[PDB]
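Only one chain is included here, represented as structure tokens and corresponding to the form deposited in one PDB entry.
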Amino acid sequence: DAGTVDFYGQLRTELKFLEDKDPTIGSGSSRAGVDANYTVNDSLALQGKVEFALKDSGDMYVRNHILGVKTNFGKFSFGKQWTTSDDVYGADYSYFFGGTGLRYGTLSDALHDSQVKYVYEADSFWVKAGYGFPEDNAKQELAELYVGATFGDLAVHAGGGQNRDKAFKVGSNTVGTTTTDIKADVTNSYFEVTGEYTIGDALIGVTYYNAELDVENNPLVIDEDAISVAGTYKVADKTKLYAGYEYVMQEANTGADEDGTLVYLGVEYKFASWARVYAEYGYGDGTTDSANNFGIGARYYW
């Protein structure tokens, strides 16, 4: 190996039916990119990776750009990246409607444009951490730390962190005729424990998430407790069924409570490593009704 250059990509096309909403067709979250890896010596490799996505607006942007340094002490990755909390993720096995019980992304949307992320893998035991450099009060603050381990057929992880947006859009303000965004200074603090159990052709995952949204210079404080119970079952050769139940409750320090349930059931056929097809129903519900959703998609990879 001198190093490799890998052009890669994913063509995604999806049809979505959201209850009491107009169906959509599209190719958002289609990706294309370049992953270059260069070996300097037997204890130091470099990575440059860039990934372009499609938006849904036809506009094409840089979804990720990464400089990686691989050493005998883990990888350090700098640049615009998904959060460590997003890499670690949790017991959401959906393609369309799940993941409501994973609370790390409320402000960050799983992205920070200027982080350093760290990864150390030992013998079925790992550590992942990340720091988002705040700048010009455009870049949010982020600090994250997760640990995981595998014990036979049981894989576990825990961790969390804290994410602050000093100018987060929470709504809109109209005085007389002029309209301006309402920004708040919000901190999301969160912690998570996940266990995933492999039992034959079945996988069962449970994730507990806790979070607190704390506004600065404003009394509001919202606590969130979330559980996700999900599973996949190999029914045929390249066919998994999957399903999940997600419950989150939010309790505001002002006494207002909200909660929401999301259930999903679907099927995945992995034709080959480069193509897959999937379909899924979602039943949503919560205090404020009974949304019924359906989605079907296909992916080509290169």
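Think of the rigid core as the biggest set of C-alphas that the two forms share within 1.5 Å after superposition. Note that residue numbering begins at 1 and tracks the sequence as displayed.
Omitted from view is the form deposited in another entry, to which the following refers.
Relative to the superposed core, residue 254 undergoes a Cα shift smaller than 2 Å between the shown form and the other one.
Core-superposed comparison between the shown form and the other one: the C-alpha position of residue 39 differs by no less than 2 Å. Once the rigid core is used as the reference frame, the Cα position of residue 54 differs between the shown form and the other one by 2 Å or more.
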